[PDB]
Amino acid sequence: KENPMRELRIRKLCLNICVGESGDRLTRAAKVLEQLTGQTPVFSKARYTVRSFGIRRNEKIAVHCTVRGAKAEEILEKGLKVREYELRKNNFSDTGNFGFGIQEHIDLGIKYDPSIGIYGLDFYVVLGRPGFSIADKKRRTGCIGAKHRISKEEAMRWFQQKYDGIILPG
Amino acid sequence: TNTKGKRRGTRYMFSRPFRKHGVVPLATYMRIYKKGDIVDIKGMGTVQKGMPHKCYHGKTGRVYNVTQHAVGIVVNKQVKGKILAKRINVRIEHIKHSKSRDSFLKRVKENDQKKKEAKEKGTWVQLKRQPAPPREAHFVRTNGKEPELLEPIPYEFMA
Amino acid sequence: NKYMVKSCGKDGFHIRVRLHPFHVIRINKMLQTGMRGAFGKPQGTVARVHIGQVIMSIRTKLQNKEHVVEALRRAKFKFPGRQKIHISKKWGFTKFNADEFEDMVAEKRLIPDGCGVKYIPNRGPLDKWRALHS
Amino acid sequence: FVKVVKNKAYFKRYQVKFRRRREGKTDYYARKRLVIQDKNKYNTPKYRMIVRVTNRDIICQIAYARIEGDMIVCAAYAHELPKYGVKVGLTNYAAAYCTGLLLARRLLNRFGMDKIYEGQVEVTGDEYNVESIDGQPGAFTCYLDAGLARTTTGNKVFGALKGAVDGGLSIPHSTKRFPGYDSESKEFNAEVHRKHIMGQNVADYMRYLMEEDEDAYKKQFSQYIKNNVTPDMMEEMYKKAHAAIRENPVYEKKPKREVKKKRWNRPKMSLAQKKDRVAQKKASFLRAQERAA
RNA sequence: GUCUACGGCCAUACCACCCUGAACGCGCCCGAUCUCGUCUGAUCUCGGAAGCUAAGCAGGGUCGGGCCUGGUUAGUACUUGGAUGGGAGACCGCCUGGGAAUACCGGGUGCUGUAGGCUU
RNA sequence: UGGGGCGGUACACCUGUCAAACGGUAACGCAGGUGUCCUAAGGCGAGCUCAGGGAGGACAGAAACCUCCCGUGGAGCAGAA
RNA sequence: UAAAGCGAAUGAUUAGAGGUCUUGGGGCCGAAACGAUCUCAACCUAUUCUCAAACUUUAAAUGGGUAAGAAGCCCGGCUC
Ligand SMILES: [Mg+2]
Ligand SMILES: [Mg+2]
Ligand SMILES: [Mg+2]
Ligand SMILES: [Mg+2]
Ligand SMILES: [Mg+2]
Ligand SMILES: [Mg+2]
Ligand SMILES: [Mg+2]
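Residues numbered from 1 in each chain as written, not as in the entry; some residues may be left out. Chains lettered and ligands numbered in written order. Part of a larger assembly, values for the part shown. Heavy atoms only, no water.

- As recorded in the PDB entry, chain D goes by the name 60S ribosomal protein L5, listed as coming from Oryctolagus cuniculus.
- Here the PDB entry title reads "Mammalian pre-termination 80S ribosome with eRF1 and eRF3 bound by Blasticidin S".
- The annotation that UniProt attaches to chain D under Sequence similarities is "Belongs to the universal ribosomal protein uL18 family." (UniProt positions renumbered as here; feature names shortened; annotations may be inferred.)

- In the nomenclature of the PDB entry, chain B corresponds to eL21 from the organism Oryctolagus cuniculus.
- Of chain B, the UniProt comment under Function (literature references left out) reads exactly: "Component of the large ribosomal subunit. The ribosome is a large ribonucleoprotein complex responsible for the synthesis of proteins in the cell."
- Per its UniProt entry, chain B bears the Sequence similarities comment "Belongs to the eukaryotic ribosomal protein eL21 family."

Structure follows, in structure tokens:
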């Protein structure tokens, strides 16, 4: 008899769009998420300069966005449905997370904006469980123990159990 | 010629010991120092403010003044032939109560106790300390077996 | 090397020199300045030695004992001073005596591990001992 | 492959932290700044009013620092309010104010300062502070030990501050973290502070939901419903609580029953046993290997 | 027996992994109306108490690592002071006194202060 | 001033060693630095925790961005150590 | 400081063992290929030979300080 305290849920989804440039491409790709989520994503900038690729230090390059809960489940459902419910082995990490990347969002279904253009984007799913914020609360931190950790295998069988989703080698 | 810098030759003196870095335990601060109390000095690297000069390191003196967080203290420094009592402002962290005087004060208290008693009786108790005497005669009972004979071993070259 | 090759063949020994030379020696050259500011450039290396420190060691069988002796006696003439030629009590390059060695290896205290040999204590976990005897 | 970090060397070099830094509870930096006296005081105690809000409680203690380990002069808890007629809301701002009132009057009761130093009776909520009396024994003073709470606008410590201050302690404070400081305008509505103190914030939330949908009300306020607590009763309840506290705050301890005496825990295993386990395991293993071959 | 708040000494108290925890507490837990802060009520702030010890925490376990303490190493190395002592020099021996360190082999794994709980 | 001259500056300053376990000690001995820089790189408070490595994810590549885990300081604090 | 230590930190440094790819150079049956194939390479783990004025957990002998009572102890009480 397993306990209800291991209902394996999603803590957060992590979107990011690393166009690698500043200005017009960026402001328009930020507005794309603006159209999707209805919420302002955060601009990340670079640690340091690389003249071959054409970026300098402290340059606003990418944009990202955290998402949690049902809005995340819905957007995840659409994304996987576009990926026809099947992933690879190499997509699964050892800590029990996984991710993927659509080559362009227009594929999702949203209309193209001529002014904005087309954009690939990159999903990443951090699963969790009840009783993970002990390490992140102030008053009394603590490591979460062995059993309670999420394995790579158990996430794979869980996805396989949930959507009958196949995993393929790579 | 060498330099006359304040911290010359203090690579190891002030360095804190092994696995005893970090925070200063709060007893240091929360303990009290009266006037005329005999106090010994020990520098400490963590607090740079109010370090005594290395010469006074080790030296022990008596406290002539008190402030919020510090004590002026009298020490006998030797210079070329004359000694100079001179006073230094030290922040508390570099300081300990020297426990040398406490045993003597215990002995005075013991004599006044030992004098009040053995006063009415009239027995004359030795108050004074008496240096380590020549040990008295005694008997060594060789109960039975005889002494084990030690022989010098013969040489043998290991190398 | 030359003598042992002539005598005991290409595969009957293992010489091991035990003195790595770290000390650097200087030299004071005279090219008109003279003697002022005279601190030397590096000429070369040399190794310092205390009494009782081993210079060379030669392992082979006990049969070829005297031939080993004659090689080391001929090698004395390159070095200075005085040095003694002593045959070791140790089995090869170990810190363990030869008489009690075979008993120790049979009962698996010591285990060969190429040129070296691993001393098994009783302090480890026991499942290692199980793996050893199995 | 990559180098294993956690070797012997690591553990040799590895410093340990303090017990209360490992548990994450005590901040020694602030403790140092709070607690020592000026040396020219010479053994004169520096009191500190600790406040520790828990999951289901709000504790308020008084302590002064000796070398053996900080001595408690007096101590209160929240779970005594069922005696004085407060069944629920023990971690609300009102129960914080209540606890401060107890701490104050219990302490003053011990030191014999009962008729003197009454304080603010009428709870308006504006600024009150204790002026020392000429020709009399001076006011109590102690410094606040928030501990680890983020000293943000609207905290139950500063609620307990307003309560205990009105009970009559010389704690220095501004009114800036009391609810009322409009961030833009920077003015203080003390009457709104009153509102939070009297508990209209709970009544208004329960009416808004009862109007909105009954089901959330039933899920949220179960014990409130069980105990027949209402918006109209709450104010006079807390007001009577004040009067009862002012009159008889002192605590009488509970009689200790003779203890049954049983060891739930498992004691530590002796030497001979530890020596036996590996012997049985090796002998059992050898005979079992005979079983395999 | 055992716990909570606040602690002193700060590894005999740490790390890794396995097992067990009566009662109240500690926790996790459900929400965002007001105060408050966020990219995101996840963190921080605030209002509740249906469920659960799975985790945290505690105690025990491991021929565990470590840390602490003993023996062995060794009266060795080294050294204060002495001599018309040796020796071609290097260096060495003796008298008088002081005296160490690894490997190896054993043993140990938190002490405790105030106030207040549970076993009514 | 290891004759003077030519050459250095050891002519005022600072770190480490030489120093012989308090401190103090010399040679044109050694290894090295200085004649500045700062409206904050100064002052309070809060909140964050670094170097490096592992496994993942369109374009992405040894190296661009996001994420989890380890991380006694192996980075950093204008400058010499 | 002498010493001692590197199976402990830092810094040099010789030798063989066990690993799989954490990657690569020459081949050879292979077109190549983390199939295999001989290899030899660096990395990781237990070992092993040698060192330090400007590395050190340990760590002496000789030494430097302070005290060994009337300027002290113990009582009774005023002033701020
Ligand atoms: Mg939530
Ligand atoms: Mg639990
Ligand atoms: Mg052990
Ligand atoms: Mg001249
Ligand atoms: Mg000196
Ligand atoms: Mg000296
Ligand atoms: Mg030496």
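1. Focus: the side chain of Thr-99 of chain D
Then step 1. Along the chain, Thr-99 of chain D falls in helix α4 (residues 93-111).
Then step 2. Apart from residues lying up to four places away in sequence, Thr-99 of chain D is in contact with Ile-58 and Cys-60 of chain D. (Helix = DSSP H or I, 4+ residues; strand = E, 2+ residues; numbered from the N terminus. Contact = heavy atoms within 4.5 Å.)

2. Observations concerning the packing of α4 of chain D against helix α6 (residues 190-198) of chain D
Geometrically, a packed helix pair is captured by the angle between its two axes and the distance between the axes.
All names here are of chain D.
Then step 1. Between α4 and α6, whose axes approach to 6 Å, the crossing angle comes to 90 degrees. Here α6 runs roughly perpendicular to α4, going by the angle between their axes. Where α4 approaches α6, its residues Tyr-93, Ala-94 and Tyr-97 are matched on the opposing element by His-193, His-196 and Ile-197.
Then step 2. Taken together, the residues of the contact of α4 with α6 break down into four nonpolar, two polar and no charged. (Axes fitted to C-alpha atoms, helices over the stretch in contact; angles between N-to-C directions. Parallel < 35°, antiparallel > 145°, perpendicular 65-115°, else oblique. Nonpolar A, V, L, I, M, F, W, Y, C, P; charged D, E, K, R; others polar.)

3. Focus: the nonpolar core
Then step 1. Membership of the largest hydrophobic core comes to 33 residues, with the highest contact counts inside it found for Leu-15, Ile-17, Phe-123 and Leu-127 of chain A.
Then step 2. Secondary structure elements with two or more residues in this core: β1 (10-17), α1 (24-37), β3 (60-67), α2 (70-82), β5 (98-102), β6 (121-127) and α3 (152-163) of chain A.
Then step 3. What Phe-123 of chain A contacts, discounting residues up to four positions off in sequence, is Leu-13, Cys-14, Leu-15, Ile-75, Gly-99, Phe-100 and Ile-102 of chain A.
Then step 4. Core analysis: the next-biggest nonpolar cluster, separate from the first, contains 21 residues, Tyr-117, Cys-142, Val-157 and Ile-171 of chain D among them. (Core = buried A, V, L, I, M, F, W, Y, C linked by side-chain atoms within 4.5 Å. Buried < 20%, exposed > 50% of the residue type's maximum accessible area, 1.4 Å probe, protein only.)

4. Details of the protein's contact with RNA strand F
Then step 1. Taken together, the neighbourhood of RNA strand F is formed by 46 residues, with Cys-18, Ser-44, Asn-90, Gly-120 and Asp-122 of chain A sitting nearest.
Then step 2. Sugar and phosphate atoms form 63% of the subset of RNA strand F atoms that lie within 4 Å of the protein.
Then step 3. In this structure, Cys-18 of chain A approaches RNA strand F through a main-chain N or O atom, which is 2.3 Å from a base nitrogen.
Then step 4. Elements with a contribution of two residues or more to the surface near RNA strand F: β1, β5 and β6 of chain A together with α1 (8-13) of chain D.
Then step 5. Per-class residue counts for the surface near RNA strand F are 13 nonpolar, 20 polar and 13 charged. (Near = heavy atom within 4 Å. Polar contact = N/O pair within 3.5 Å; in protein donor to acceptor, adjacent residues only side chain to side chain.)

5. Details of a negative patch on the surface
All names here are of chain C.
Then step 1. Together, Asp-99, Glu-100, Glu-102, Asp-103 and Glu-107 give the surface a local cluster of negative charge.
Then step 2. Tracing the sequence through the fold places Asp-99 in the loop between α2 (65-75) and α3 (101-106).
Then step 3. Note on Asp-99: relative accessible area 61%, which makes it exposed. (Patch = residues over 30% accessible without salt bridge, like charges linked within 9 Å, V, L, I, M, F, W, Y side chains within 5 Å. Areas by Shrake-Rupley, 256 points an atom, 1.4 Å probe, with all protein chains shown as cover. Salt bridge = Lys/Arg side-chain N within 4 Å of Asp/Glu carboxyl O. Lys, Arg positive; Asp, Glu negative; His and termini not counted. Charge placed at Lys NZ, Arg CZ, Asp CG, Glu CD.)

6. Considering the sheet that holds β5 of chain A
Sheet strands associate in pairs through backbone hydrogen bonding, adopting either a parallel or an antiparallel arrangement.
Residues and elements named next belong to chain A.
Then step 1. Spatially, β2-β3-β1-β6-β5 is the arrangement adopted by the five strands of the open sheet, whose pairing is antiparallel. Each edge of the open sheet carries a strand with a single partner, namely β2 (42-45) and β5. Neighbour-to-neighbour, the strand axes of this sheet turn through a mean angle of 25 degrees, independent of strand direction.
Then step 2. Pairing between β1 and β6: four bridges, direction antiparallel. From the neighbouring strand, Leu-13 faces β6, where its bridge partner is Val-125.
Then step 3. On top of the sheet, α1 reaches β1, β2 and β3; it is set at about 5 degrees to β3, its chief contact. (Pairing = 2+ DSSP bridges.)

7. Observations regarding the sheet that holds strand β5 (residues 95-97) of chain B
Residue and element names in this part refer to chain B.
Then step 1. Judged by pairing direction, the sheet is antiparallel, and its five strands sit side by side in the order β4-β3-β2-β1-β5 without closing on themselves. The sheet is open, and its two edges are formed by β4 (82-91) and β5, each paired on a single side. Averaged over all pairs of adjacent strands, the angle between strand axes in this sheet comes to 45 degrees, irrespective of strand direction.
Then step 2. In terms of strand pairing, strand β2 (residues 60-66) meets strand β3 (residues 70-79) through four bridges, oriented antiparallel.

8. Observations concerning a positive patch on the surface
Residue and element names in this part refer to chain D.
Then step 1. Where like charges cluster on the molecular surface, the positive patch consists of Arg-266, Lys-274, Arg-277 and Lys-281.
Then step 2. Mapped onto the fold, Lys-281 is located in helix α11 (residues 271-292).
Then step 3. Assessed through its relative accessible area of 40%, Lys-281 is described here as partly exposed.

9. A short note on the protein's contact with RNA strand G
Then step 1. The environment of RNA strand G is made up of 25 residues, and the closest members are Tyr-12, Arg-101 and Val-108 of chain B together with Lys-3 and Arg-13 of chain D.
Then step 2. Between RNA strand G and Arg-11 of chain B there is a distance of 3.2 Å, counted from a phosphate oxygen to a side-chain nitrogen or oxygen.
Then step 3. The backbone of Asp-113 of chain C places a nitrogen or oxygen atom 3.2 Å from a base nitrogen of RNA strand G.
Then step 4. The greatest single-element share of the surface near RNA strand G, amounting to five residues, is contributed by helix α2 (residues 100-116) of chain B.
Then step 5. Here the surface near RNA strand G is built from residues that sort into nine nonpolar, four polar and twelve charged.

10. Some points on the packing of α4 of chain D against helix α5 (residues 156-166) of chain D
Residues and elements named next belong to chain D.
Then step 1. Two numbers describe how α4 lies on α5: the axes approach to 7 Å, and their chain directions differ by 40 degrees. Comparing the axis directions of α4 and α5 gives the class oblique. The chirality of how α4 crosses α5 is right-handed. Of the residues in α5, those in contact with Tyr-93, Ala-96, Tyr-97, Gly-100, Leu-101 and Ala-104 of α4 are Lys-156, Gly-159, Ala-160, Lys-162, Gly-163, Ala-164 and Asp-166.
Then step 2. Class assignment for the residues of the contact of α4 with α5 results in seven nonpolar, three polar and three charged. (Left-handed = near helix turned anticlockwise from the far one by under 90°.)

11. Overview of the arrangement of the chains
Then step 1. Ranking the four pairs of chains in contact by contact count places chains B and D at the top.
Then step 2. The two partners chain A and chain B share no contact, and the minimum distance between any of their C-alpha atoms is 20 Å.
Then step 3. Regarding chain A and chain C, the two do not touch, and the least distance separating their C-alpha atoms is 22 Å.

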